[PDB]
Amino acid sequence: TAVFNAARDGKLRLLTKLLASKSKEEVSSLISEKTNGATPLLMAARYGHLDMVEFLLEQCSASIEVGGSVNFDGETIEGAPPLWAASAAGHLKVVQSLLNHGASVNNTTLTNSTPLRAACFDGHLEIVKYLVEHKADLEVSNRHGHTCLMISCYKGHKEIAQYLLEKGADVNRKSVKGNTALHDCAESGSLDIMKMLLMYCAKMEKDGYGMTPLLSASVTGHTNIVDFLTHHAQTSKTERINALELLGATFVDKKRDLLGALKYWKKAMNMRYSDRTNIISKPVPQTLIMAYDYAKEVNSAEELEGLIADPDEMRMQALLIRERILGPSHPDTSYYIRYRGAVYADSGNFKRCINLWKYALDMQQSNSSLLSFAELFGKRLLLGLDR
């Protein structure tokens, strides 16, 4: 009835007032009642009321595996059992108690997120170890194929990632979109974790977008990952050049730092022309692009030194570089075409703005729906990066 708000907030004396003036068998169905999606035990465990939890189990352990709505960071998560909620929130003693009463360490939310995964999200090292020691399966992933190892590297949790690897987590797992734990390290800039995965011979692979961890780091702008990986023997000379040219474009468009962009473009131009036996010349696109003002990529160290006095030329180089390396189906390509058009509109160049926006629209229509104009004006559950 209202004994659901009782367990939700922890007052055990309020609850037991009704549990004495109750039935030895219909106290059962009062606690097994979904009040706004959640059982009373689900909310006692969500909010860490250890004594509320052990009293409710000693009455009736029927709701121990039933999941419902629970709230985290404002948003509501569905089908979450009590052990899961206790581990997302960090209540270790609750977790230890639910297991003592035979809760299933493997029962998941409807995204197929295990108790282990939720504990690794928020960094609860001491819950993670207890779950693993109570036979949690390290390799159960969510419905996108994202693992506990991937999420703990994406979040930067070095100690947790280290423990999972010591317990035998497969370092080369791939999600359904081809993401490996080395990609998550590249996206979060966790160089120290990336080095630790390489101690287990983690293989660098292209994901669905065709991104290696190196290219993923040049996209998100993590220069520590790019500097490390472009001196790693598992990346070829051509992949280094492209990663540095892509990183420069990211400097232009995301970091708004044209001096750092040139530093990376010069580094790349030198490697192209370092070995005079074998020139590595820029590929040639099928046609010149009106939205790019018909620019073409610089092809020599000399065309590079004039660019710093030409911010507009650098912005077109960045777009050429990004369309060449990432291609038309990568969301950042049309995103930064639109952003560059937006900057031109804000400076009065409505024709350049419109031609850029026309092109970005023709691009995505001849081939990530949270990057429309309407949605940018009005997020990670779409990518499977959620709890």
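Residue numbers here begin at 1 and follow the sequence given. So that the term is clear: the rigid core is the largest set of C-alpha atoms that superpose within 1.5 Å between two forms.
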Could you say which moves further from this form in 7 other deposited structures of this protein, stretch 74-82 or stretch 163-171, by root mean square CA distance after aligning on the core? 74-82
Quick one: core-superposed, which stretch strays further from the shown model in 7 other deposited structures of this protein, 316-324 or 348-356? Go by RMS C-alpha distance. 348-356
Looking at the other compared entries that model residues on both sides of it, is residue 370 unmodelled in at least a third of them? yes
Between residue 367 and residue 368, how many residues of the deposited sequence have no coordinates in this entry: none, 1 to 3, 4 to 9, or 10 or more? 4 to 9
Sequence continuity check, residue 378 and residue 379 (deposited residues unmodelled): 10 or more
Comparing 68-76 with 185-193, where is the mean C-alpha B-factor higher? 68-76
Going by the entry, of stretches 38-46 and 316-324 the one with greater average Cα B-factor is 38-46
Take the CA temperature factors straight from the PDB entry and tell me which of 361, 345, 337, 31 peaks. 31
Reading the B-factor column of the entry, which of 166, 239, 139, 275 has the highest value at its C-alpha atom? 275
Quick one: classify residue 122 as lowest, middle or highest third of the chain based on its Cα B-factor. middle
Third of chain Cα B-factors occupied by residue 268: middle
Assert third(CA B-factor, residue 221) within chain per record equals lowest
Record-listed C-alpha B factor of residue 257: chain third: middle
Tertile call for residue 306 (CA temperature factor, within chain, third-based) is the highest
